[PDB]
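Visitor: Sequence plus experimental coordinates follow:
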Number of protein chains: 2
Amino acid sequence: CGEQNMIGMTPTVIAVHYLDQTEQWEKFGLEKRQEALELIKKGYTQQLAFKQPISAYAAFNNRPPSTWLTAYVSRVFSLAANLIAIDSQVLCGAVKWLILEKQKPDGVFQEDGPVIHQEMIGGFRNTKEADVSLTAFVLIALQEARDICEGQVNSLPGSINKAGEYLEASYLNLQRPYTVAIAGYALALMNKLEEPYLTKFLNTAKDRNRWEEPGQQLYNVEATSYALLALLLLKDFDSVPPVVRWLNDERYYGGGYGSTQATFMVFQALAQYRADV
Amino acid sequence: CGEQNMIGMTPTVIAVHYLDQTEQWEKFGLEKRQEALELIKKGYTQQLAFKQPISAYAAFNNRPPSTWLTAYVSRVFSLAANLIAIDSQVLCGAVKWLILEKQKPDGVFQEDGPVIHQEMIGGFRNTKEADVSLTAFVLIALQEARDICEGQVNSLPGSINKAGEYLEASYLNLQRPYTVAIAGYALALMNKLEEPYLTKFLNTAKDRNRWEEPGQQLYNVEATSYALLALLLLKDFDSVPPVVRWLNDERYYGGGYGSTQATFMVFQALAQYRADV
């Protein structure tokens, strides 16, 4: 089904990205990379079977589309476009649908068809501050789709800016570390993570190494990974080592029930850290 | 298919085991355990669809059975029998088939139907010393099946001892750290890891923290995890901390292409370490 395929695909996509960006295939085995790529190609192809005529996705072709899932497909495909051949008409069709059907005038993205596999959406599963969680998530996916799709979808910069302005308007009153972290990264992507929003972002971390909610280990890995990406964009390299250390000590249970966002984000964030430093 | 289902199942089975044995659900979220169990039940049920009338397994019901895969199903089901209800007639039927069809008079187990997914078998994929790799692997699976199956299959102790005597006969001449590690654990399970075999086992490790082959990160996590289980059986607690530290620093890429044995074994070994110490 169209959700599980993305669950299945995620760890290998982001493992190949990480090994590539950190240049760590000698220890891993460079002869292993091509078989990993073949698995990513199979995942891509299988996912196309769940693309609806609208270019959006759901678990089944008969199920009404998920905003979240469509944006996750955009997130994964955008990154995977550097590993395997991906049809921009498929990727950018999903982008177009997100903006033209699911974004409200205030910039918020709405989910009309929640995913079945609620464990694959990370901290968004806690519905507190959900309009921020989802709008930040979709904004980041759209930002990641810009390289390929900004030319094909000229509604894309305006949609990003509107989502970003919503997040700015919402940021100082957020109570969740998860939301301060993911929206923090969304704001940093548009160079809006400045005072007074920056104090809010930094003050929310504990022991200057994590953005933590109680009893939510995998949400916290995911949140802290978004925070790390923001600190890197800020070029705040003084603040990075404790965050990297904490992340490397965490169990994230890749391939395990509920680990999809934690897996994607920890490896994305740790790869960027080596790239940058 | 019957291989991929086991690939899919593995991380959650061993995550639940690990969280249980180390009593770490408060930080993880105890409300998450029942949904994980439902996924394990679905994996079990789906695997039964690939049980052939012989009680052995292959990727497809039309494919001749794999010795390796059947033994892996025995390994996973034996451990999972403590988490979900498993039909002993299914588990012990597989045990019986392994012993009555695939074990030679010298104690070695033979693979007549290699798995398609060669990435899921860990260091056995390197075919050097393969009769030891496979015989140790199957011996360990059979040992793990004893709680449930020794009463149902009274050929089981003799089969274990014969495999163990083969490993003893083969041990001092092994050249691979992988094989010294997995066969080391097999020998320790039968209290045969004594001199001169013990010197061989210990001398093969590097920096008293790992059993390493070049360019094979995931084989090395798997091997070192088997080594850790052996050191624990030896009650050699002086030798354990460096091995635990090294394992906790490794990337094992759970859910990623080629990670199945590394995922099962690292969490099995780290759970036993907390149990024991």
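Guide: Thanks, I have it. Numbers count the residues shown, from 1 in each chain, chains lettered A, B, ... in the order given.
Visitor: quick one: is stretch A:84-100 near chain B?
Guide: No. Stretch A:84-100 does not reach chain B (Cβ under 8 Å from any Cβ of the partner chain); its nearest approach is 13.3 Å. (C-beta placed from N, C-alpha, C; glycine too.)
Visitor: Check which residues of that stretch are buried.
Guide: A:84, A:86, A:90, A:91, A:92, A:93, A:94, A:95, A:96, A:97, A:98, A:99 (16 or more other Cβ atoms under 10 Å in any protein chain shown).
Visitor: who in the stretch 51-200 of chain A is up against chain B?
Guide: residue A:119.
Visitor: Spatially, and excluding backbone neighbours, which residue is closest to the residue in the stretch 51-200 of chain A that chain B sits nearest to.
Guide: Using Cβ to the nearest Cβ, the single residue of the stretch 51-200 of chain A nearest to chain B is residue A:119, 6.5 Å away. Excluding its sequence neighbours, the residue lying closest to residue A:119 (Cβ to Cβ, 6 or more residues apart in numbering or on different chains) is residue A:258, at 4.0 Å.
Visitor: just residue A:16 next, same as before
Guide: residue A:36 (5.2 Å).
Visitor: For the helix or strand residue A:77 falls within, C-alpha coordinates in CSV please.
Guide: In this assignment (DSSP states H and E), residue A:77 forms part of helix A:67-80. What follows is helix A:67-80, C-alpha atoms only, in CSV (Å, rounded to 0.1, in the frame of the first residue of the first chain):
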residue,chain,number,x,y,z
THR,A,67,-1.9,16.0,2.5
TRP,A,68,0.8,14.7,4.8
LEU,A,69,1.6,11.7,2.7
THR,A,70,1.7,13.7,-0.6
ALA,A,71,4.2,16.1,1.1
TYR,A,72,6.3,13.2,2.4
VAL,A,73,6.5,11.8,-1.1
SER,A,74,7.6,15.2,-2.3
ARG,A,75,10.3,15.3,0.6
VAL,A,76,11.6,11.8,-0.2
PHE,A,77,11.5,12.1,-4.0
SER,A,78,13.2,15.5,-3.9
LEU,A,79,16.2,14.1,-2.0
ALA,A,80,16.1,10.8,-4.0
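Visitor: returning to what we had before: tally up the residues packed near the residue nearest to residue A:119, please.
Guide: A count of neighbours around residue A:258, defined by other Cβ atoms under 10 Å in any protein chain shown, yields 26.
Visitor: Give me the secondary structure label for it.
Guide: Three-state call for residue A:258 (DSSP: H, G, I helix; E, B strand; the rest coil): coil.
Visitor: just the helices in chain A please.
Guide: A:4-22, A:25-28, A:33-48, A:67-80, A:88-102, A:130-144, A:146-149, A:156-171, A:177-189, A:197-204, A:217-233, A:240-249, A:260-276 (DSSP state H).
Visitor: Need the winner for burial among those helices.
Guide: helix A:177-189 (a mean of 28; mean count of other Cβ atoms under 10 Å in any protein chain shown).
Visitor: returning to that earlier point: mind listing what the residue nearest to residue A:119 touches?
Guide: A:119, A:120, A:218, B:32, B:35, B:36 (Cβ atoms under 8 Å, 6 or more residues apart in numbering or on different chains).
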